[PDB]
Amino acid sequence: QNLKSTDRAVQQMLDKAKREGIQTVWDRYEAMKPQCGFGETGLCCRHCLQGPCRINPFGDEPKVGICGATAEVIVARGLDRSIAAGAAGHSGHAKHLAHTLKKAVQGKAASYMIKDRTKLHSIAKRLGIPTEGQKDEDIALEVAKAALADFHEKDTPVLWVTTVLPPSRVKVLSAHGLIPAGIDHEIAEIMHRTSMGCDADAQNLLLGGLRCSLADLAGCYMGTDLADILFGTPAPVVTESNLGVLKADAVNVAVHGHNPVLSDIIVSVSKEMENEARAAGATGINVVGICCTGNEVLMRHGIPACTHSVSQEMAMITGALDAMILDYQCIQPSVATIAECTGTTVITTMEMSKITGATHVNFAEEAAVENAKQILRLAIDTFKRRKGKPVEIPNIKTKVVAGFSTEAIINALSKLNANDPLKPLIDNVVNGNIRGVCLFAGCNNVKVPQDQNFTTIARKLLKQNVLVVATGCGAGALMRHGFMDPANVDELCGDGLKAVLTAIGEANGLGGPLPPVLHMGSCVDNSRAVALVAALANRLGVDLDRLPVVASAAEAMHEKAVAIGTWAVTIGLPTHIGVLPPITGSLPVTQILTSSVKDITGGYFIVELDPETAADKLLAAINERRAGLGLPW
């Protein structure tokens, strides 16, 4: 089972599923082999009904699409629709939060409120919305208004791009026409330009894709900003991760999907319902997180993380998961089928994301506390029905220190330098105690043994003194393998990095270091990494493409991860991807994305499936930047 997952709790559940004849994501992958080579290389097009068209990677005909579309056009068009789809998901998320903030300050949804007043005012100030003399509810109205207005064309470009990147970066992107006009505007224009008989120049196509990736960044940043206003900016917290956080004698409820609008409320109400749960024979309600909405409540409330991404079905296989509460994105629809076997109540809550066979409970922000009790009451009923059944919760978990928003990282550093909090970080970059910064982001992928690329690359970078930060299921992978436990700093970290992590943790009075990897939050919270890196660029007076900062989507899966990787490249970072994206069928497109895009944005993709080799390449990219700043490396 070690070939399927490096997670020991997951291996245990794989044996249980095998015993019980429950089919998993790894079984459905095996049954799909060998996979279509035209699709894996990107050489397939179904954009019109004359299709499908395919192109042999090598050999004889077919060599060209029926309408004349070349390999490089087919490959670029497919990549562009992937980016637009990713943009649409982060965008839908952010829009949901904007409507929620508006409803809240309109007296239309009392379960919600302005919790982070300081964040509200600073966002307002960055957007140019006057706060002086204004009611909080009115400033929030204006901020929600601004969020909604960035989805479409208007007199300004998308402000959740132009106001969050340093002016030098914005000017570089404007010079190539890459600043988005509107988030949903860019998505539609991509779908237009990639439809039949439209855009048919690889460079032109890919420039459109860079601009749409910045629409995805906007949606990520907007999501983070709005969730922080509504639910609070994260600060350091300690909790646990992996299947052992389930408790046989509790009502176990997974929150799964993406939007905290839902899960934050589940968390607060579940506390209101402890006695009801106790009456039904449970110790209480055990809320646990899966995928990004689980990261959101881990970051803000210390809710333990159960599992992530590719292994999400295994939480159900324990037999102890009473409910799985979903909103949207990255939920394997297999869970609805598996539920019949495992007794789990799968509940969908959003009108645009249903799963045949799951129970659907409309979630209205207006009725949030009421709807959440209805949902938790299904959970308690389910708990009562497994009275007497044996469960198999692997007794396996790790300790997780998390909650490192950019504000929290700045505050932590401020203990070493109150008026110039970034300076201590930059001092150690310069003296070599910190070689550079690597962001791990994105998914697990069934083609890669689960977490093997994230932990292999992270180990080699940490030994090399790289400051490692993580989000989404990259954070999931590293938390489940101990990388967020400060007790593993001695084992994992090079001396220089250890020194810095220890110097900062001591100064935050905890007699021990920060953890080996800093968990910066959900995948929209990749925007936090951007804020940090942009703050560093600004403090240094250089652009981002001169900083010794890289990203790694080491086991990428979702269209969203493709969108994130592309905007990492667009804002100037060397960006590793550890799964093959469908571009290998076109050497010209590959060459653009791994090399000449350096001349446009200064970032570039690093395609490398071998994790030790990837680590080497990421170190070389870091050290090259070090060299360009005139530092030793």
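Between two forms, the rigid core is defined as the largest C-alpha subset superposing within 1.5 Å. The first residue of the shown sequence is 1; numbering continues from there.
ask   = 507-515 versus 520-528: which one's CA atoms end up farther from this form in 5 other deposited structures of this protein after a core fit?
value = After the core superposition, the stretch with higher RMS deviation in 5 other deposited structures of this protein is 507-515.
query = Would 621-629 or 608-616 have the larger average of its C-alpha temperature factors, as given in the entry?
reply = Mean CA B-factor is higher for 621-629.
inquiry  = Tell me which stretch, 66-74 or 594-602, has the higher mean Cα B-factor listed in the entry.
reply    = Of 66-74 and 594-602, the stretch with the higher C-alpha B-factor average is 594-602.
query = Between 225, 490, 559, 186, which carries the biggest CA temperature factor in the record?
reply = Highest CA B-factor of the listed options: 490.
task = Identify, among 137, 327, 485, 451, the residue whose C-alpha carries the highest B-factor in the deposited PDB entry.
result = The listed residue with the largest C-alpha B-factor is 137.
query = If you rank the chain by CA B-factor, which third does residue 53 end up in: lowest, middle or highest?
reply = Its C-alpha B-factor belongs to the lowest third of this chain's values.
query = Lowest, middle or highest third: where is residue 272 by Cα B-factor in its chain?
reply = As the PDB entry reports it, the C-alpha B-factor of residue 272 lands in the highest third of its chain.
Residue 61 - Cα temperature factor, lowest/middle/highest third of chain = CA B-factor rank for residue 61: highest third.
task = Within this chain's modelled residues, let me know which third the CA B factor of residue 404 belongs to: lowest, middle or highest.
result = Its C-alpha B-factor, which the entry lists for residue 404, ranks in the middle third among residues of this chain.
ask   = Split the chain's modelled residues into thirds by Cα B-factor; is residue 568 in the lowest, middle or highest one?
value = Its C-alpha B-factor belongs to the lowest third of this chain's values.
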